[PDB]
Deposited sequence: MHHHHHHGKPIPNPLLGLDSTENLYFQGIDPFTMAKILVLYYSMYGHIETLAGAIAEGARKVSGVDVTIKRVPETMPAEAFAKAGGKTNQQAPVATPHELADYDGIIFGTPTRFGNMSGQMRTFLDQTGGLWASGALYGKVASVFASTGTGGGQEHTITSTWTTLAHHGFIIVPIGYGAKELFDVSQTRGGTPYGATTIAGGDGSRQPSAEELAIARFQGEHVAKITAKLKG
């Protein structure tokens, strides 16, 4: 039965909302169990005075647990053209998983919010995931709302639009179909 983790970071809630649509799409696939988790905050609690959304219901993930899922869909804001420092720090802590090959051949996909360079954020995440041997799922133009990027769903952070959310649902279903078929 396949297990999908929707793992995200969100400061203002935009990526949180997109992750909900990602998960919704993946749950459309029979026999797929979907879990939503957030990576730990890296800023001090009082600075996060920056207007951060402290009311986030998703449980906090640990790097250790990435090995328990068959597919992982990563969501992140952009920071100075790259993935958020929060998501980067989390992935920087997977050296034990790397050395043991624990993530090898698992399915990965990425969604992002525009800080702003959404596309480099996704493709640079792809580069990092390649080092673990993940199979990488772009979305192409399968969602008709693309006529969002072909690399993965995105939003411009002021809530995500219905069109952006439709593309995220498509991505979640697409990734989950592939993961379930590979399992």
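- According to the record, C-alpha coordinates are lacking for deposited residues 1-33, 82, 150-151, 184-190, 201-205, 232.
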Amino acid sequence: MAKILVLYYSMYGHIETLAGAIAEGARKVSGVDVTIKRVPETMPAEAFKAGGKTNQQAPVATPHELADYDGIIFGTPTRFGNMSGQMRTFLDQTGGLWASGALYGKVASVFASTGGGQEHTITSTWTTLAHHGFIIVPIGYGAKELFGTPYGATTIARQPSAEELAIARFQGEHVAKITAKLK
From here on, numbers count along this sequence of modelled residues.
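- Look at the mean CA B-factor for 76-84 and for 103-111 in the entry; the higher one is 76-84.
- When the C-alpha B-factors of 125-133 and 35-43 are averaged, 35-43 comes out higher.
- Looking at the C-alpha B-factors along this chain, the one for residue 12 belongs to the highest third.
- Annotation for residue 1: CA B-factor lies in the highest third of the chain's modelled residues.
- Placement of the Cα temperature factor of residue 162 within the chain: highest third of the modelled residues, per the deposited record.
- The PDB entry assigns residue 178 a C-alpha temperature factor belonging to the lowest third of its chain's modelled residues.
- Looking at the C-alpha B-factors along this chain, the one for residue 154 belongs to the lowest third.
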